[PDB]
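Only one chain is shown below, in structure tokens, and it's the form deposited in one PDB entry.
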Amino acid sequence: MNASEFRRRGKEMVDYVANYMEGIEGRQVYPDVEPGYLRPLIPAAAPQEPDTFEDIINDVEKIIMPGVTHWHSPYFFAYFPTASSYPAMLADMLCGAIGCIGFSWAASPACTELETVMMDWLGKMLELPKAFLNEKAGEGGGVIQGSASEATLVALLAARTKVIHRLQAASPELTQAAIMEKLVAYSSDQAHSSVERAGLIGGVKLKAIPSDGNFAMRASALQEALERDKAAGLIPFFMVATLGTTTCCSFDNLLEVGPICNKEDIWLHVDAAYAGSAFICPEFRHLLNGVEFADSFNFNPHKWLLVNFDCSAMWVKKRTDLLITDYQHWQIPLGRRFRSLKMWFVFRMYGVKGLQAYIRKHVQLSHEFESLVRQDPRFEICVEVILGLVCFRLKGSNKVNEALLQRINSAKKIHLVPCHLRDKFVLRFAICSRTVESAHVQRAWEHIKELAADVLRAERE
């Protein structure tokens, strides 16, 4: 294809994308296909001659869309939001056009320089401690990572390298592997699976800190674990504290665990992948208090700040531990896209106030769902509602709640996922779509309430 044909087909794709978004409420949010549906519908080999664009777009509607889970339908209330905004789509078109691979500054200066400035923009929007910002010859700085999972791995590997070098300086009689079998990392029992995967990749032990009644990491539980593991010969070196847990959107107490990690020389990484976007709002900034004690901080613009995946924002206090010219030792890959264009377009076309209004609308809708649940004494709220997540369940057995979830997700009118809080099976209601409104939340609750009546009926009859 040459540029003249792209002028035609590109504008046709723009109209197709806009049509899909405008009619997305007519789509069944979760598909009815079963695993392996697609292979019989597609030829077994690539075509030798080109297919037409009309043939391909027809296939998108006829065989791809039936197997799509529509994350951006207003009736998608599963996991956490993923970002979809037209400013980011426009920047992504330019990103593929410039098409640079910014593994070095010389590979494309603007790709690296815009990223450094955008991470300062975002750090200032979150009122991060100045030690995390790159402006004005600070030793800290920020980088875009592909994902919060990758950011947690990068922080673990940096912590691993630092503790090995420290221990080998103290006792030069020590091999790297001899230190390896002693290292232990920590996280909450509510931590995302990315922490376990990072520990497995890094080759170190990982232990969960028991959370309190609010499912938060506290100083008392951390001190109890440290007392045990240090007496056993383990060397704590890395901690993932979570702000906005994937299970119930709980918050580890950084004001308590931060000072302890500093005193113990434990690298403190803060995982705020979802909740971090809300900290641009002054009424939620208190949830980030204690980040001044952290060695690294991370959240995902590509969940809930409208910067299409991939875009994970990671700050560190000392870049040496990982002017910014190179981004090589900051990430796991060497190559990277011009992803800072997406942040630049989104921040500029929405403004800080536009992003704040987006966050506040979602949190308002979350409290609207909470209000409806709190009006039905057959249900209970399991964790305090703070952001765009509500954890709820039918009072009674785990089975009756499992039955409710299966009934909901099988109806495929809305989509939810559950979690386990201790031994308790719990349903999650997450505000996700950019275009969700009060009417959608009210309809979803009516659906949930009707299926609960069926399921409660079936447990006595």
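Under this definition, the rigid core comprises the largest set of C-alpha atoms superposing within 1.5 Å between the forms. Sequential numbering from 1, following the sequence displayed.
*Asks:* Could you bin the unmodelled part of the deposited chain lying between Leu322 and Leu323 as none, 1 to 3, 4 to 9, or 10 or more?
*Replies:* Unresolved stretch here: 10 or more residues.
*Asks:* Take the C-alpha B-factors listed in the entry for 169 to 177 and for 349 to 357, compute each mean, and give the stretch with the larger one.
*Replies:* Of 349 to 357 and 169 to 177, the stretch with the higher C-alpha B-factor average is 169 to 177.
*Asks:* Determine, for stretches 189 to 197 and 312 to 320, which one has the higher mean CA B-factor as deposited.
*Replies:* It is 312 to 320 that shows the higher mean C-alpha B-factor.
*Asks:* Choose from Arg27, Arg428, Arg434, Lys62 the residue with the greatest Cα B-factor as stated in the PDB record.
*Replies:* Comparing C-alpha B-factors across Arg27, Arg428, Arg434, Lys62, the top value belongs to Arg27.
*Asks:* Please pick out which of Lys136, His72, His362, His269 has the largest Cα B-factor as recorded in the entry.
*Replies:* The C-alpha B-factor peaks, among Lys136, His72, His362, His269, at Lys136.
*Asks:* Lowest, middle or highest third of the chain for the C-alpha temperature factor of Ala452?
*Replies:* Highest third.
*Asks:* Ranked by Cα temperature factor within the chain, is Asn214 in the lowest third, the middle third or the highest third?
*Replies:* It falls in the top third of the chain.
*Asks:* Sorting by Cα B-factor within the chain, modelled residues only, which third would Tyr327 end up in: lowest, middle or highest?
*Replies:* Within its chain, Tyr327 is a highest-third residue by C-alpha B-factor, going by the deposited values.
*Asks:* Taking only the Cα B-factors deposited for this chain, tell me whether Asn253 sits in the lowest, middle or highest third.
*Replies:* For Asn253, the deposited C-alpha B-factor lands in the middle third.
*Asks:* Using only modelled residues of the chain, where does the Cα B factor of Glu224 rank: lowest third, middle third or highest third?
*Replies:* Answer is highest: the recorded C-alpha B-factor places it there.
One more form of this protein exists, namely the form deposited in another entry; it is left out here, but the text below deals with it.
*Asks:* Rigid core as reference, CA moved 2 Å or more between this form and the one not shown - which of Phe293, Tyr350, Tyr79, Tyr358?
*Replies:* After core superposition, the single residue displaced by 2 Å or more is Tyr79.
*Asks:* Superposed on the rigid core, does the Cα of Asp92 end up 2 angstroms or more away between this form and the one not shown?
*Replies:* Where the cores coincide, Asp92 still shows a C-alpha shift between this form and the one not shown that is 2 Å or more.
*Asks:* Once both forms sit on the same rigid core, is the C-alpha displacement of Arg434 at or above 2 Å between this form and the one not shown?
*Replies:* Superposed on the core, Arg434 moves its C-alpha less than 2 Å between this form and the one not shown.
*Asks:* For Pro129, is the CA shift between this form and the one not shown at least 2 Å following rigid-core superposition?
*Replies:* False for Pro129: its C-alpha shift is below 2 Å.
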